[PDB]
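Peer 1: This one's experimental. Sequence and coordinates below.
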Amino acid sequence: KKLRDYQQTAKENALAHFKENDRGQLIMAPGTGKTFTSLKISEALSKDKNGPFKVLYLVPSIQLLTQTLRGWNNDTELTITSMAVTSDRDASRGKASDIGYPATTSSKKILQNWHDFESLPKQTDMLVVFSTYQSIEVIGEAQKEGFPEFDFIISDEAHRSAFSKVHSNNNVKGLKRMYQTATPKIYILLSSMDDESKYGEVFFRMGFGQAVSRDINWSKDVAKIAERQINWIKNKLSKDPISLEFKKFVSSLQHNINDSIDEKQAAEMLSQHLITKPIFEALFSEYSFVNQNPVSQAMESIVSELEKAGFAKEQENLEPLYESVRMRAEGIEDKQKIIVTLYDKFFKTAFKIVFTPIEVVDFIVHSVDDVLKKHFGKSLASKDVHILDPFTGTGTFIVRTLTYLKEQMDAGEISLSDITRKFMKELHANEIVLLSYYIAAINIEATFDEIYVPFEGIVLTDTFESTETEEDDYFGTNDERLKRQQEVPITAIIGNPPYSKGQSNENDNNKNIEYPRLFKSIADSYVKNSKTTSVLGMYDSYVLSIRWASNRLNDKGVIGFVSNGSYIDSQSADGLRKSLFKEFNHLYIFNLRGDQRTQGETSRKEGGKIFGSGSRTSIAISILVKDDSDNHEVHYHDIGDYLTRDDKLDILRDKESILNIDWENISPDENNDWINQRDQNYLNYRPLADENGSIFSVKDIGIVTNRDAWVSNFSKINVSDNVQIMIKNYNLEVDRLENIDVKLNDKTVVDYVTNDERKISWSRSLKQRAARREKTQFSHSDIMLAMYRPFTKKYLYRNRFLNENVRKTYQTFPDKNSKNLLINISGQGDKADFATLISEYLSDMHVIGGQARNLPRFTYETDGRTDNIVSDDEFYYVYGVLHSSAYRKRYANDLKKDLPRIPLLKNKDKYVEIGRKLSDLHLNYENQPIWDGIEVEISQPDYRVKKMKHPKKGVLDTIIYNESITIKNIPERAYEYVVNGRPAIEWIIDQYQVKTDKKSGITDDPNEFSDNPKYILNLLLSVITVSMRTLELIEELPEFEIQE
DNA sequence: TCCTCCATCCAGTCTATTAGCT
DNA sequence: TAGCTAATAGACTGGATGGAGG
């Protein structure tokens, strides 16, 4: 016979596979006949070997053994000598009789039989021993007795205790092992052929669905095929005009989105297209989504010139996935149901976006619609109203918009003729991601079929880069949809703009793209109106989105967004609030809270996260109304404390629009603050620093090393060691840069350096010194003590090099033997309540909250002790006042939003007294007489800590120091003393705990700090009484009154 | 130009508890 | 079973980085 075409393929793949490997599987439907193909494969290896070629064909049943023995000799092109092993003599027959050496179970007979075969005057081409799995051991009994190895071994019906003996050479000596079945999966799941280091990879596969089509969530292979695609390009790139055309394809892509894209990124984008194209075709069934779409066509075009060049789609391995889709999408909102799944099953896993809650999306649509109605008199469906969704994602903000229209049409207020034009001409949206674009298109196209029409209004772009520059084409039809869009007077901008303020440093791949023309817009508006000088947040993507939309909007229109709600009350957003109040007439701000970068009570008050695990930021819905008017007013509502994620959504389903919300009329103040407005009388109080007649001449803010795991630690020795590793690692990168002379820069250097966070913790400044050739010495003298957290003092390598921000610490603590007092305070915009803690040592920025200011008692000079304040009495007076409950409560807003101001109080000398005591207590926090009721049970003297805990949640009576020591009868009120938002006692639990740095793998063990095994236990106990004592003292200081 | 240094807000990820599994 | 793994609920960090002023 002549081997069928796909059999040739299998033969080819087999040979190619066994060229490097020694194990392979062969999957075919029962119909084709793998038995014949196996012979033809065996022949090819026989051709190559140039000697007697030995094959072992293992088989379960007796019927198969005879069907293969006979059927092979008939189909054999070669000279074949056959061997049967079995307890049935008749099993080696065909009519015919004794076909090959007779069947036998006698190993000595099987061994001597091969001696015969060798004794022949002439040996045939290949020797095929057909055997049962049951008696396979006789082969082992033969190969031991003097039988040769097997050049090839074949297991048929491979889904199968001697059945498992084959895999190891120890049982049967053989060079290569092929596995053939039609069903590696046994029907739960009992048996599956997944190598197990035995079955091996598969070089060929045939689906039953294929053959019928051929006329006869586990996907890691997408990597394999893509790696083949991506690599073959870069190779062929190398002056092959394809490179000239593909380098033209990237430039076209670069045009439509970013210079960010290049050979790698662009090639990756086409990979994803090749994979999903058949899925989209399969989904469509009758009418091709691919042929219609511009990007598809643009992608389905560029493939051609490469397809011409001896490059195919390597997705033959992916065909069973395609078949499942073809089955799943045959015939058939039941189609949208598939779109839900395929996304979650395939796409989520395959290549690895934020899913916007429907209750949110619907809310602004109604809100935008009712706004268009009440104000302009117009509506959502008018001819001269255009709607843009600049960050479509999956087109959720369109899908739910046309659904609103559908509800309107059923109510009869709308004509489908009024809908159709919107879908066609008046609805626009765009995405920056390939897969998000496709899915977004379909989902609108499909949800429009409710009443086949492609969506004409979708682009694939970076809306920010759109208005940047105005200057050969691929995708030329794509931007045409956008070019024609750009003349539209867009009356409404809608959606969920991106949130991004930056990164953590060594994720260099991530850094907010520079949009120079938009930054300048931000710079002249939001940044200009600010009083801050630190405006990082104003270049956050969501603030860019408001800017870009504010520009792209027309004088008569509206915006509706779900965004980061930080700008509502934020230090660096005072300018943005000044702008929005001028640039807009009516602004409804719906604060959804849900900020979980807080902690403690604040965290509980914030509550549910609107995007769940999607975002940790404060969320708020903003609808900005723009008309011609002399009227300017803010409308604000706090959704309320403590609400769950779905409690908040229950309100969004309940209230579909901003018409039904009880708004608060807000008149912004001098500081452009909408909420938590300050007291203008508070300004009469004596300034603390930076003004005339201020109490302190100089204030500092806590240190920020930017690499705590390396530079700070409980063990002084560990700091010395760890710092030296990094300094060595850093000076090596420099030595590398030394002998590769270029014009290096503070950012370009990234490509020539390590990026491994187990080696170096890069920061901006450190990169700058690597752009130059700068080395360092390790100065052991620079290792000193510092307050890292309240009542937690670690060792710190304070070094201008390797510390991103050393602040004024060299003025307040010139060396590790210096003597100074500083009053740490919560700084400028903490959400937690205001607190203060005095320190005898250098203080981190996070001693209190996220940004901590400190007020030194002394400043030093190297040319020099200098009084930074008049007297000790004045110093401790300040410390006394900052503890006043009335003071803290009366001006919570001024304490949050700016540096404190101290008034002159009626019983001042009393404030000094308690000021001193409080200081005396908080400095000696680590050794204090234990409180009365407390008891300490110690089984054995194990004073080492792993992690302190309460036996159950919120039992404040007890703390398990470890599995030996426990502390009981702790007064529950001691937890009322709070620094930041956390009790002092809980800081010890939190801080004095064994943990490792996930990034660097640097361990930090608090037991290595103190030399005294009872330090932490002593510290804990003391802090409890410090807590109790502090509260007593806070209750002693006088009634809050003015004017001494 | 580029460096020094003030200033401020961050589109989840880890651990702990409870319920299952052979 | 003893003591794991899986499902579910709870808790909440260190640092990047624009721009004034050299």
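Peer 2: Nice, I can see it. Residues are numbered from 1 along each chain as shown, chains lettered A, B, ... in the order given.
Peer 1: what residues are up against the nearest residue to residue A:52 once chain neighbours are set aside?
Peer 2: The shortest distance from residue A:52 to any non-neighbouring residue, by CB to CB, 6 or more residues apart in numbering, is to residue A:123 (5.0 Å). The C-beta positions use only the backbone N, C-alpha and C, and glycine is treated the same way. Under the criterion of CB atoms under 8 Å, 6 or more residues apart in numbering, the neighbours of residue A:123 are A:52, A:81, A:117.
Peer 1: Show the contacting residues for the first one.
Peer 2: If I follow you right, that is residue A:52. A:117, A:123, A:124, A:125, A:126, A:127.
Peer 1: Show me which residues of the stretch 401-550 of chain A are close to DNA strand C?
Peer 2: Counting by CB under 7 Å from any atom of the strand, the stretch 401-550 of chain A comes close to DNA strand C at A:502-506, A:511-512, A:519, A:523, A:527, A:533-536, A:539.
Peer 1: Which of those sits closest to DNA strand B?
Peer 2: Set against DNA strand B, the nearest of those by CB to the nearest atom of the strand is residue A:534 (3.6 Å).
Peer 1: What's the separation between that closest one and residue A:804?
Peer 2: 15 Å (CB to CB, to the nearest Å).
Peer 1: Settle it for me: which of these two has more neighbours?
Peer 2: Set side by side, residue A:534 and residue A:804 show more neighbours around residue A:804, with 17 against 11, by other CB atoms under 10 Å.
Peer 1: What sits closest to the more buried one if chain neighbours are left out?
Peer 2: residue A:706 (3.6 Å).
Peer 1: next one: residue A:482
Peer 2: residue A:459 is the one closest to residue A:482 (CB to CB, 6+ apart), at 4.4 Å.
Peer 1: So that neighbour, which state does it fall into?
Peer 2: In three-state terms, and counting by DSSP: H, G, I helix; E, B strand; the rest coil, residue A:459 is strand.
Peer 1: Ramachandran coordinates for residue A:935?
Peer 2: phi -130, psi 150 (degrees, to the nearest 10).
Peer 1: check contacts around it.
Peer 2: Contacts of residue A:935 by CB under 8 Å, 6+ apart are A:967, A:968, A:969.
Peer 1: Okay, and the beta partners of it?
Peer 2: When assigned by DSSP bridges, residue A:935 has beta-bridge partners residue A:968.
Peer 1: Secondary structure element holding residue A:766?
Peer 2: Using DSSP states H and E, residue A:766 sits in helix A:764-771.
Peer 1: helix or strand right after that helix?
Peer 2: According to DSSP H and E, the helix or strand after helix A:764-771 is strand A:783-789.
Peer 1: does that next one come close to DNA strand B?
Peer 2: No: judged by CB under 7 Å from any atom of the strand, strand A:783-789 stays clear of DNA strand B, getting no closer than 14.7 Å.
Peer 1: which neighbours does that strand have in its sheet, and in what orientation?
Peer 2: strand A:792-797 (antiparallel), strand A:842-843 (parallel).
Peer 1: Look at the closest residue to DNA strand B within the stretch 851-1000 of chain A and say how many residues are nearby.
Peer 2: Among all residues of the stretch 851-1000 of chain A, residue A:851 sits closest to DNA strand B, at 4.0 Å; criterion: CB to the nearest atom of the strand. Neighbour count for residue A:851, taken as other CB under 10 Å: 17.
Peer 1: Kindly report the same for residue A:480.
Peer 2: 13.
Peer 1: centre of the chain versus the helix or strand it falls within, how much separation?
Peer 2: Here residue A:480, judged by DSSP H and E, is contained in helix A:476-483. Distance of helix A:476-483 from its chain centroid, counting by CA atoms, centre = their mean, to the nearest Å, is 32 Å.
Peer 1: Show me the contact partners of the following helix or strand past that helix.
Peer 2: Remark: after helix A:476-483, the chain's next helix or strand is strand A:492-495, criterion DSSP H and E. Applying CB under 8 Å, 6+ apart, the external contacts of strand A:492-495 come out as A:364-365, A:368, A:372, A:380, A:385-393, A:397, A:401, A:429, A:549, A:552-553, A:557-561.
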